[PDB]
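Okay, data14.tsv now, which holds TSV, C-alpha atoms (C1' of nucleotides) and all ligand atoms:
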chain	number	residue	atom	x	y	z
A	1	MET	CA	149.35	136.39	145.26
A	2	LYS	CA	150.65	137.66	141.92
A	3	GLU	CA	149.26	134.57	140.18
A	4	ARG	CA	145.88	135.30	141.78
A	5	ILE	CA	146.02	138.85	140.41
A	6	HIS	CA	146.86	137.53	136.94
A	7	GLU	CA	144.02	135.00	137.05
A	8	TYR	CA	141.54	137.64	138.19
A	9	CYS	CA	142.65	140.05	135.46
A	10	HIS	CA	142.25	137.36	132.80
A	11	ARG	CA	138.85	136.28	134.14
A	12	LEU	CA	137.54	139.87	134.10
A	13	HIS	CA	138.56	140.09	130.41
A	14	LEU	CA	141.55	142.40	130.95
A	15	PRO	CA	144.39	140.78	128.97
A	16	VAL	CA	146.44	143.91	128.34
A	17	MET	CA	146.06	144.97	131.98
A	18	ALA	CA	147.65	141.69	133.09
A	19	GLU	CA	150.31	141.96	130.38
A	20	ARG	CA	151.48	145.36	131.68
A	21	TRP	CA	150.79	144.54	135.34
A	22	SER	CA	154.48	144.16	136.22
A	23	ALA	CA	155.48	147.31	134.34
A	24	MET	CA	152.81	149.44	136.03
A	25	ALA	CA	153.65	147.96	139.44
A	26	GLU	CA	157.34	148.81	138.96
A	27	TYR	CA	156.47	152.32	137.78
A	28	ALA	CA	154.25	152.89	140.82
A	29	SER	CA	156.87	151.53	143.22
A	30	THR	CA	159.74	153.56	141.76
A	31	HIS	CA	157.75	156.82	141.68
A	32	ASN	CA	155.21	157.58	144.40
A	33	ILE	CA	151.74	157.78	142.85
A	34	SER	CA	148.32	157.95	144.48
A	35	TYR	CA	146.28	154.77	144.13
A	36	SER	CA	143.41	156.70	142.53
A	37	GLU	CA	145.68	158.20	139.87
A	38	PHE	CA	147.41	154.86	139.24
A	39	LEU	CA	144.05	153.17	138.67
A	40	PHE	CA	143.01	156.08	136.46
A	41	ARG	CA	146.11	155.63	134.30
A	42	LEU	CA	145.64	151.85	134.09
A	43	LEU	CA	141.97	152.15	133.13
A	44	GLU	CA	142.77	154.87	130.59
A	45	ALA	CA	145.38	152.65	128.93
A	46	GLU	CA	142.97	149.71	128.92
A	47	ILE	CA	140.24	151.90	127.39
A	48	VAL	CA	142.63	153.16	124.71
A	49	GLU	CA	143.58	149.60	123.78
A	50	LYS	CA	139.91	148.56	123.77
A	51	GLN	CA	139.03	151.51	121.53
A	52	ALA	CA	141.82	150.62	119.09
A	53	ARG	CA	140.69	146.99	118.96
A	54	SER	CA	137.04	148.02	118.53
A	55	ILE	CA	137.97	150.35	115.67
A	56	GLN	CA	139.94	147.57	113.97
A	57	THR	CA	137.07	145.10	114.42
A	58	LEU	CA	134.63	147.65	112.98
A	59	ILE	CA	136.95	148.15	110.01
A	60	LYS	CA	137.00	144.39	109.48
A	61	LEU	CA	133.20	144.17	109.74
A	62	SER	CA	132.76	147.07	107.30
A	63	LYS	CA	133.97	145.69	103.97
A	64	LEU	CA	136.43	148.46	103.12
A	65	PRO	CA	138.79	147.16	100.40
A	66	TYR	CA	141.67	149.57	101.12
A	67	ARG	CA	142.07	151.92	104.08
A	68	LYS	CA	142.66	155.61	103.32
A	69	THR	CA	142.11	159.03	104.88
A	70	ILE	CA	141.82	162.68	103.91
A	71	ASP	CA	145.44	163.35	104.91
A	72	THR	CA	146.58	161.29	101.90
A	73	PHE	CA	144.34	163.18	99.44
A	74	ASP	CA	146.05	165.73	97.17
A	75	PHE	CA	143.71	168.65	96.51
A	76	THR	CA	146.30	170.27	94.23
A	77	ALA	CA	145.89	167.49	91.66
A	78	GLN	CA	142.08	167.85	91.88
A	79	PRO	CA	141.28	171.59	92.00
A	80	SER	CA	137.70	170.89	90.86
A	81	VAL	CA	136.72	170.13	94.49
A	82	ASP	CA	136.94	172.74	97.25
A	83	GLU	CA	138.84	171.44	100.27
A	84	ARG	CA	136.65	173.57	102.55
A	85	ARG	CA	133.57	171.48	101.74
A	86	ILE	CA	135.49	168.24	102.34
A	87	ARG	CA	136.70	169.51	105.72
A	88	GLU	CA	133.13	170.51	106.59
A	89	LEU	CA	132.04	166.97	105.70
A	90	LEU	CA	134.74	165.55	107.98
A	91	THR	CA	133.02	167.30	110.89
A	92	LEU	CA	130.19	164.76	110.39
A	93	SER	CA	127.51	167.44	110.71
A	94	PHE	CA	125.60	165.66	107.94
A	95	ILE	CA	125.02	162.71	110.28
A	96	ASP	CA	123.08	164.96	112.65
A	97	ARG	CA	121.52	166.69	109.62
A	98	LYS	CA	120.68	163.35	107.93
A	99	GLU	CA	122.32	164.64	104.73
A	100	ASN	CA	123.71	162.29	102.09
A	101	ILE	CA	126.97	162.79	100.18
A	102	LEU	CA	127.14	162.15	96.43
A	103	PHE	CA	130.43	162.02	94.51
A	104	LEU	CA	130.27	162.36	90.72
A	105	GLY	CA	132.78	162.60	87.90
A	106	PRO	CA	135.10	160.62	85.63
A	107	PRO	CA	136.74	157.46	86.99
A	108	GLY	CA	139.87	157.65	89.09
A	109	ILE	CA	139.38	161.22	90.33
A	110	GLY	CA	139.35	160.27	94.03
A	111	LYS	CA	135.63	159.66	94.56
A	112	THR	CA	136.22	156.26	96.17
A	113	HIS	CA	139.20	157.63	98.11
A	114	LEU	CA	137.12	160.50	99.52
A	115	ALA	CA	134.24	158.16	100.38
A	116	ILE	CA	136.59	155.80	102.21
A	117	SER	CA	138.17	158.75	104.02
A	118	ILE	CA	134.75	159.94	105.22
A	119	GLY	CA	133.87	156.40	106.28
A	120	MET	CA	137.12	156.08	108.22
A	121	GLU	CA	136.49	159.43	109.91
A	122	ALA	CA	133.01	158.27	110.91
A	123	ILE	CA	134.41	154.99	112.25
A	124	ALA	CA	137.06	156.78	114.30
A	125	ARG	CA	134.47	158.96	116.07
A	126	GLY	CA	132.50	155.86	117.09
A	127	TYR	CA	129.84	155.97	114.36
A	128	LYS	CA	128.91	152.59	112.92
A	129	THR	CA	129.90	152.36	109.26
A	130	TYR	CA	129.47	149.93	106.38
A	131	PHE	CA	130.94	149.90	102.86
A	132	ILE	CA	129.69	148.03	99.79
A	133	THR	CA	129.38	148.37	96.03
A	134	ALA	CA	125.96	148.85	94.48
A	135	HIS	CA	126.11	145.62	92.48
A	136	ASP	CA	127.16	143.64	95.55
A	137	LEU	CA	124.39	145.21	97.64
A	138	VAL	CA	121.75	144.40	95.02
A	139	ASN	CA	122.99	140.82	94.62
A	140	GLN	CA	123.09	140.23	98.38
A	141	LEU	CA	119.58	141.62	98.84
A	142	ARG	CA	118.27	139.47	95.98
A	143	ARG	CA	119.86	136.33	97.42
A	144	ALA	CA	118.53	137.10	100.90
A	145	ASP	CA	115.02	137.63	99.53
A	146	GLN	CA	115.16	134.39	97.54
A	147	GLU	CA	115.85	132.65	100.87
A	148	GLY	CA	112.90	134.36	102.58
A	149	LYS	CA	115.16	136.46	104.84
A	150	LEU	CA	115.06	139.84	103.11
A	151	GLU	CA	114.17	141.64	106.35
A	152	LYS	CA	117.35	140.51	108.11
A	153	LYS	CA	119.60	141.75	105.31
A	154	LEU	CA	117.57	144.96	105.12
A	155	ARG	CA	118.27	145.53	108.82
A	156	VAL	CA	121.94	144.75	108.15
A	157	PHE	CA	122.00	147.45	105.45
A	158	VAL	CA	119.96	149.94	107.52
A	159	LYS	CA	121.60	149.48	110.92
A	160	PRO	CA	124.93	151.16	110.00
A	161	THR	CA	124.99	154.88	110.72
A	162	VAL	CA	126.99	155.60	107.54
A	163	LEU	CA	126.46	153.38	104.49
A	164	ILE	CA	128.81	153.75	101.52
A	165	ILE	CA	127.65	152.71	98.04
A	166	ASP	CA	130.66	152.57	95.72
A	167	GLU	CA	130.58	152.47	91.91
A	168	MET	CA	126.86	152.98	91.27
A	169	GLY	CA	126.62	152.97	87.49
A	170	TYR	CA	129.60	150.99	86.21
A	171	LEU	CA	127.52	147.79	86.11
A	172	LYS	CA	123.87	147.93	85.09
A	173	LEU	CA	121.56	146.53	87.75
A	174	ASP	CA	119.11	143.72	87.05
A	175	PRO	CA	115.70	145.38	86.45
A	176	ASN	CA	113.93	142.72	88.53
A	177	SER	CA	116.14	143.59	91.54
A	178	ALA	CA	116.64	147.37	91.31
A	179	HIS	CA	113.77	147.85	93.76
A	180	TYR	CA	115.91	146.24	96.47
A	181	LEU	CA	118.28	149.22	96.28
A	182	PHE	CA	115.30	151.57	96.48
A	183	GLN	CA	114.22	149.84	99.69
A	184	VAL	CA	117.48	150.87	101.34
A	185	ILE	CA	117.07	154.43	100.06
A	186	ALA	CA	113.46	154.18	101.23
A	187	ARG	CA	114.43	153.04	104.74
A	188	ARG	CA	117.56	155.14	105.27
A	189	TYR	CA	115.70	158.25	104.10
A	190	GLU	CA	115.72	160.89	106.86
A	191	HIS	CA	117.27	158.27	109.17
A	192	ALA	CA	120.94	157.82	108.25
A	193	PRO	CA	123.29	159.36	105.66
A	194	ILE	CA	124.40	157.56	102.51
A	195	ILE	CA	127.75	158.22	100.81
A	196	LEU	CA	127.25	157.27	97.16
A	197	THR	CA	129.95	157.45	94.48
A	198	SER	CA	129.10	157.26	90.79
A	199	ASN	CA	130.40	158.12	87.32
A	200	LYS	CA	126.91	158.54	85.81
A	201	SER	CA	124.73	161.64	85.83
A	202	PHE	CA	121.40	161.63	87.64
A	203	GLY	CA	119.39	161.70	84.41
A	204	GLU	CA	120.97	158.38	83.40
A	205	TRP	CA	120.03	156.56	86.62
A	206	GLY	CA	116.95	155.21	84.85
A	207	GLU	CA	119.28	153.40	82.46
A	208	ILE	CA	121.24	151.97	85.40
A	209	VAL	CA	118.15	150.54	87.12
A	210	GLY	CA	116.06	150.03	83.98
A	211	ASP	CA	113.00	151.84	85.34
A	212	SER	CA	112.51	155.58	84.92
A	213	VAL	CA	109.88	155.96	87.66
A	214	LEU	CA	111.84	153.96	90.23
A	215	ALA	CA	115.01	155.87	89.38
A	216	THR	CA	113.19	159.19	89.76
A	217	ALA	CA	111.81	158.16	93.15
A	218	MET	CA	115.24	156.99	94.30
A	219	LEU	CA	116.82	160.27	93.20
A	220	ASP	CA	114.11	162.33	94.91
A	221	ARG	CA	114.59	160.45	98.19
A	222	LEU	CA	118.39	160.56	97.96
A	223	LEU	CA	118.76	164.24	97.01
A	224	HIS	CA	116.25	165.64	99.52
A	225	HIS	CA	119.02	165.94	102.14
A	226	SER	CA	122.36	165.60	100.36
A	227	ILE	CA	125.57	167.38	99.40
A	228	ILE	CA	126.52	166.94	95.74
A	229	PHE	CA	130.12	167.21	94.50
A	230	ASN	CA	130.84	167.34	90.76
A	231	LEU	CA	134.51	166.38	90.59
A	232	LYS	CA	136.54	166.93	87.42
A	233	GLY	CA	140.12	166.58	86.21
A	234	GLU	CA	142.38	163.91	84.80
A	235	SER	CA	142.37	160.36	86.15
A	236	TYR	CA	144.73	159.91	89.09
A	237	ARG	CA	145.64	156.38	87.96
A	238	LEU	CA	146.70	157.76	84.57
A	239	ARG	CA	148.63	160.53	86.34
A	240	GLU	CA	150.55	157.91	88.34
A	241	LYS	CA	151.11	155.89	85.16
A	242	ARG	CA	152.60	158.91	83.39
A	243	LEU	CA	154.75	159.76	86.41
A	244	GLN	CA	156.14	156.22	86.50
A	245	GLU	CA	156.73	156.25	82.73
A	246	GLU	CA	158.37	159.69	82.92
B	1	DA	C1'	94.54	62.22	134.47
B	2	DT	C1'	93.27	63.29	129.79
B	3	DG	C1'	90.57	62.92	125.57
B	4	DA	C1'	86.45	61.88	123.16
B	5	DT	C1'	81.62	61.71	122.78
B	6	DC	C1'	76.93	62.90	123.72
B	7	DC	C1'	73.46	65.70	125.63
B	8	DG	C1'	71.52	70.03	127.20
B	9	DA	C1'	71.33	74.87	127.42
B	10	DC	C1'	72.24	79.28	125.80
B	11	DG	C1'	73.03	82.60	122.08
B	12	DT	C1'	71.86	84.27	117.80
B	13	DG	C1'	68.93	85.69	113.88
B	14	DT	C1'	64.62	87.37	112.31
B	15	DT	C1'	60.39	89.91	112.60
B	16	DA	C1'	57.09	92.99	114.61
B	17	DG	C1'	55.66	96.41	117.80
B	18	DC	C1'	56.32	99.92	121.11
B	19	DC	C1'	58.95	103.18	123.73
B	20	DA	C1'	62.82	106.20	124.36
B	21	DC	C1'	66.22	109.03	122.55
B	22	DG	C1'	67.76	112.67	119.22
B	23	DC	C1'	67.00	116.78	116.93
B	24	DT	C1'	65.22	121.43	116.58
B	25	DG	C1'	63.62	125.92	118.29
B	26	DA	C1'	63.38	129.32	121.78
B	27	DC	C1'	64.92	131.61	125.88
B	28	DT	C1'	68.00	132.60	129.57
B	29	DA	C1'	72.37	132.62	131.92
B	30	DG	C1'	77.23	131.93	132.13
B	31	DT	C1'	81.47	131.76	129.96
B	32	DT	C1'	84.73	133.44	126.63
B	33	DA	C1'	86.77	137.04	123.78
B	34	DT	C1'	88.98	141.36	123.54
B	35	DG	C1'	91.47	145.61	125.08
B	36	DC	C1'	94.67	147.49	127.89
B	37	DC	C1'	98.57	147.57	130.91
B	38	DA	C1'	102.43	145.57	133.20
B	39	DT	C1'	105.89	142.14	133.88
B	40	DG	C1'	108.79	138.21	132.53
B	41	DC	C1'	110.89	135.43	129.35
B	42	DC	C1'	112.86	134.55	124.94
B	43	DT	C1'	115.68	135.90	121.18
B	44	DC	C1'	119.24	138.28	118.96
B	45	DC	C1'	123.58	140.57	118.81
B	46	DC	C1'	128.17	141.56	120.41
B	47	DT	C1'	132.33	140.34	122.80
B	48	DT	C1'	135.96	137.16	124.34
C	1	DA	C1'	132.02	128.96	119.34
C	2	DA	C1'	130.13	130.10	123.74
C	3	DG	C1'	128.48	133.28	127.18
C	4	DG	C1'	126.56	137.52	128.68
C	5	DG	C1'	123.89	141.62	128.07
C	6	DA	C1'	120.30	144.28	126.09
C	7	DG	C1'	116.07	144.93	123.68
C	8	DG	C1'	111.63	143.53	121.95
C	9	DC	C1'	107.66	140.84	121.84
C	10	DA	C1'	104.53	137.68	123.98
C	11	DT	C1'	101.81	136.43	127.85
C	12	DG	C1'	99.02	137.05	131.96
C	13	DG	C1'	95.71	139.54	134.70
C	14	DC	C1'	91.75	142.34	134.96
C	15	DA	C1'	87.45	144.60	133.31
C	16	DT	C1'	83.67	144.88	130.30
C	17	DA	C1'	80.64	143.53	126.63
C	18	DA	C1'	78.70	140.30	123.45
C	19	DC	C1'	78.11	135.91	121.60
C	20	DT	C1'	77.37	131.06	122.30
C	21	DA	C1'	76.15	127.09	124.92
C	22	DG	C1'	72.83	124.88	127.92
C	23	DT	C1'	68.32	123.79	129.02
C	24	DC	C1'	63.52	122.75	128.18
C	25	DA	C1'	59.64	121.49	125.25
C	26	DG	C1'	57.64	119.29	121.28
C	27	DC	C1'	57.74	116.21	117.49
C	28	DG	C1'	59.56	112.62	114.57
C	29	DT	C1'	62.34	108.74	113.56
C	30	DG	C1'	65.37	105.03	114.72
C	31	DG	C1'	66.81	101.55	117.89
C	32	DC	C1'	65.83	98.40	121.31
C	33	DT	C1'	63.03	94.64	123.05
C	34	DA	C1'	60.32	90.49	122.78
C	35	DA	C1'	59.06	86.00	120.71
C	36	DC	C1'	60.25	82.09	118.29
C	37	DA	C1'	63.18	78.92	115.90
C	38	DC	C1'	67.48	76.88	114.82
C	39	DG	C1'	72.44	76.04	115.30
C	40	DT	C1'	76.52	76.06	117.82
C	41	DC	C1'	79.18	75.89	121.86
C	42	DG	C1'	79.98	74.34	126.61
C	43	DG	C1'	79.69	71.08	130.22
C	44	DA	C1'	79.44	66.57	132.04
C	45	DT	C1'	80.37	61.84	131.90
C	46	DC	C1'	82.62	57.64	130.55
C	47	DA	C1'	86.53	54.99	128.80
C	48	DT	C1'	91.99	54.40	128.23
D	1	LIG	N1	143.93	163.10	94.88
D	1	LIG	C1	144.35	161.87	95.20
D	1	LIG	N2	145.28	161.74	96.17
D	1	LIG	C2	145.70	160.51	96.49
D	1	LIG	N3	145.33	159.34	95.98
D	1	LIG	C3	144.41	159.50	95.02
D	1	LIG	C4	143.88	160.70	94.58
D	1	LIG	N4	142.95	160.48	93.57
D	1	LIG	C5	142.95	159.17	93.44
D	1	LIG	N5	143.80	158.52	94.28
D	1	LIG	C6	144.03	157.08	94.36
D	1	LIG	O1	143.87	156.57	93.06
D	1	LIG	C7	143.23	155.27	93.09
D	1	LIG	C8	141.91	155.42	92.37
D	1	LIG	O2	141.20	156.56	92.90
D	1	LIG	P1	139.73	156.41	93.48
D	1	LIG	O3	139.33	154.93	93.47
D	1	LIG	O4	139.63	157.07	94.80
D	1	LIG	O5	138.84	157.14	92.39
D	1	LIG	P2	137.38	156.96	91.77
D	1	LIG	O6	136.96	158.15	91.00
D	1	LIG	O7	136.45	156.55	92.91
D	1	LIG	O8	137.58	155.68	90.84
D	1	LIG	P3	136.73	154.73	89.88
D	1	LIG	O9	135.45	155.39	89.48
D	1	LIG	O10	137.67	154.44	88.70
D	1	LIG	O11	136.53	153.45	90.69
D	1	LIG	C9	143.01	154.99	94.58
D	1	LIG	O12	144.23	154.44	95.05
D	1	LIG	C10	142.93	156.39	95.17
D	1	LIG	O13	143.47	156.30	96.48
D	2	MG	MG	136.59	154.67	92.30
As C-alpha cells, please, write out the structure in this file.
Amino acid sequence: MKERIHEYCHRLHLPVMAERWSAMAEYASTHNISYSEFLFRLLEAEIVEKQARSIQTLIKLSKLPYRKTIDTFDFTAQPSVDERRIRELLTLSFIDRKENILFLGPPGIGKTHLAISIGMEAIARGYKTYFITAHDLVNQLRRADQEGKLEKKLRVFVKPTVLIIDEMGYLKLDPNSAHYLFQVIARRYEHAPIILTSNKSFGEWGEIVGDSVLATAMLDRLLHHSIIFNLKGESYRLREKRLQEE
DNA sequence: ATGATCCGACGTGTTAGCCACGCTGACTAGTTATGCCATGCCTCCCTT
DNA sequence: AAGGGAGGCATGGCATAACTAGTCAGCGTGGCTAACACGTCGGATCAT
C-alpha cells in the first residue's frame, strides 16, 4: 500500500511530499495529531517548497547577473541617498502607483545593487520581474524585428511587472534602433514600473539615442510617474580597492 | 487459319446558304454580405 | 520535451438590407448543315 501511496504522490506532481512521507507518518504516529491539521501541515510544507522553487525559476528566467538585496547595502558609505526613500520603495507602492524608479550618479555608487535589490524584493512578493541592460534590450529588439517577430519580443519586454534597465548611457545606442527602446517606454507607460539605472544626466539622453526629439519624448513618458534619486559619493569598487591595499 | 489483294462504301474537305445561338439591356426576385452575439476550438505559455 | 491549463480569436447562427444574378426580348454574327467531289480506310474474298 505504501508503494501505491508513493506512486500516487509522484503522479500528482508531489515529489517532496513523497520524499517526506515516511517522516510525516512517523511524526503523526508518535504524536497524536488530527488528520485535518496533519494535512494542513503537509500542504503548507509543499506550498513553501513550491514557492521557493518558483522564486528560483523566476530568478533564472529574469537575467539577473548577481543576486543582492537591501540588507547588504551600506547606507553609511553612501550618505547621498536617504534610506527612508529606499525603504519606501521596498514597499512596492510604486507598482500600484505605476511609478518608475531612476538611479543616477557616478559609476560604482550602488545604482545597480539597489536596482537588483528592488527587483529581488518584487520577485519575492510574487511580482513578475525581468532584468536587462539597455544595449542588450535594444540589440534583442532589433534582431527580433529583423526576423519579423518584433511583437513577440515586445510582449516579452512588456509582460514583466517590473522591468530593470541597467547601464543606460555607458554605450551609445544605434540611432536606427533607439526607437525600439522608446516602444517599451511607450507600452509600459502607465502600465508597469521601470527601474532604470544610468550615469548620464537627462539632458544628455539625446546624445545616447542620437535623436533629441525621441529622447525628449522618452524622458517625458518615463518621468511622468517616477521617483528620481541623484546618488553621489566615491566609487564603492575603488573603496574596496583601497581597503584591500590598506 | 492467316495474309494479301481488290472492290465498295463511307468520311472528309470545300463552298454556299440559312437558321440558331450568343450577347446586350432592362426588370424583377432571390441570394449573399454584413453586423452582432454566443460558443467552441485553436494556440500559446507554464510546469514537470 | 511533452502535457495540461488558460486565454484569445475565429467561426457559426440569425436578422436585415442591398447588390447581383437570372430571365426575357431583340438584334447581330458565327457556326452548322447540305451538296458535291475525291481519297482513304474497311471489309470481303481468294490463295498458301
Ligand atoms: N553601498 C554598497 N554596499 C554594498 N555593496 C555595494 C555598495 N555600493 C556598491 N556595492 C557593490 O559594488 C559593486 C558595484 O556597485 P554597483 O554595480 O551596484 O554600482 P553602479 O553605480 O550601478 O555601477 P556602474 O555604473 O559602474 O555599473 C557591486 O558589487 C555592488 O554590489
Ligand atoms: Mg552599476
Can you pull out every residue within 9 Å of residue 182 (chain A), counting all atoms listed in the file, but drop anything in the same chain fewer than 2 positions away, and send it as a list in words?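 Close residues of residue 182 (chain A): residues 178, 179, 180, 184, 185, 186, 187, 214, 215, 217 and 218 of chain A.
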Output C-alpha atoms of each residue in that selection to a file, as a CSV table (one decimal), in the frame of the given file.
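Written output follows (part06.csv):
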chain,number,residue,atom,x,y,z
A,178,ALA,CA,116.6,147.4,91.3
A,179,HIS,CA,113.8,147.8,93.8
A,180,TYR,CA,115.9,146.2,96.5
A,184,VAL,CA,117.5,150.9,101.3
A,185,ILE,CA,117.1,154.4,100.1
A,186,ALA,CA,113.5,154.2,101.2
A,187,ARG,CA,114.4,153.0,104.7
A,214,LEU,CA,111.8,154.0,90.2
A,215,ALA,CA,115.0,155.9,89.4
A,217,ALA,CA,111.8,158.2,93.2
A,218,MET,CA,115.2,157.0,94.3
Show me which residues line ligand MG 2 (chain D), defined as having an atom within 7 Å of a ligand atom where only C-alpha atoms (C1' of nucleotides) and all ligand atoms count, and present them as a ChimeraX atom specification. /A:107-108,110-112,167
Using all atoms listed in the file, which protein or nucleic acid residues are at most 10 Å from ligand LIG 1 (chain D), as a PyMOL selection string? chain A and resi 66-79+103-117+166-170+197-200+231-240
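Every protein or nucleic acid residue with an atom no more than 12 Å from residue 22 (chain B), counting all atoms listed in the file and leaving out same-chain residues fewer than 6 positions away, appears here: residues 27, 28, 29, 30 and 31 of chain C.
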Output of the above residues as an mmCIF file, in the frame of the given file, restricted to C-alpha atoms (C1' of nucleotides):
data_model
loop_
_atom_site.group_PDB
_atom_site.id
_atom_site.type_symbol
_atom_site.label_atom_id
_atom_site.label_comp_id
_atom_site.auth_asym_id
_atom_site.auth_seq_id
_atom_site.Cartn_x
_atom_site.Cartn_y
_atom_site.Cartn_z
ATOM 1 C "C1'" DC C 27 57.740 116.210 117.490
ATOM 2 C "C1'" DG C 28 59.560 112.620 114.570
ATOM 3 C "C1'" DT C 29 62.340 108.740 113.560
ATOM 4 C "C1'" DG C 30 65.370 105.030 114.720
ATOM 5 C "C1'" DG C 31 66.810 101.550 117.890
#
Within 12 Å of chain A: residues of chain B, using only C-alpha atoms (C1' of nucleotides), as a PyMOL selection string: chain B and resi 44-48
Applying 10 Å and only C-alpha atoms (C1' of nucleotides), which residues near residue 42 (chain B) remain after dropping the ones on its own chain fewer than 4 positions away? List them as a PyMOL selection string. chain C and resi 8-10
Using only C-alpha atoms (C1' of nucleotides), which residue out of C:1, C:34, C:18, C:25 lies closest to residue 27 (chain B)? C:25
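Separating CA of residue 156 (chain A) from CA of residue 137 (chain A) is a distance of 10.8 Å.
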Could you tell me how far CA of residue 121 (chain A) lies from CA of residue 89 (chain A), in Å and to one decimal?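 Value for the CA of residue 121 (chain A)-CA of residue 89 (chain A) distance: 9.7 Å.
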Please measure the separation of CA of residue 134 (chain A) and CA of residue 165 (chain A), giving the value in Å to one decimal.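 That distance, rounded to one decimal, is 5.5 Å.
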Around (64.5, 88.2, 111.2), as given in the file, which residues come within 12 Å? Count only C-alpha atoms (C1' of nucleotides) and list them as number ranges by chain. B: 12-16; C: 35-37
Write a file of the just-selected residues containing C-alpha atoms (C1' of nucleotides), as a PDB file, in the coordinates of the input.
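Now in result.pdb:
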ATOM      1  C1'  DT B  12      71.860  84.270 117.800  1.00  0.00           C
ATOM      2  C1'  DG B  13      68.930  85.690 113.880  1.00  0.00           C
ATOM      3  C1'  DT B  14      64.620  87.370 112.310  1.00  0.00           C
ATOM      4  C1'  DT B  15      60.390  89.910 112.600  1.00  0.00           C
ATOM      5  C1'  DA B  16      57.090  92.990 114.610  1.00  0.00           C
TER       6       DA B  16
ATOM      7  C1'  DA C  35      59.060  86.000 120.710  1.00  0.00           C
ATOM      8  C1'  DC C  36      60.250  82.090 118.290  1.00  0.00           C
ATOM      9  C1'  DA C  37      63.180  78.920 115.900  1.00  0.00           C
TER      10       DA C  37
END
For a quick check of understanding, using only C-alpha atoms (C1' of nucleotides), which of C:24, C:32, C:2, C:14 has the smallest distance to residue 18 (chain B)? C:32
What lies within 10 Å of residue 59 (chain A) using all atoms listed in the file, ignoring chain neighbours under 3 positions off, as a ChimeraX atom specification? /A:53-56,62-65,67,119-120,123-124,128-131
Set the distance at 12 Å and use only C-alpha atoms (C1' of nucleotides): which residues neighbour residue 39 (chain B) once local chain neighbours fewer than 3 positions away are removed? I'd like the list as a PyMOL selection string. chain C and resi 10-13
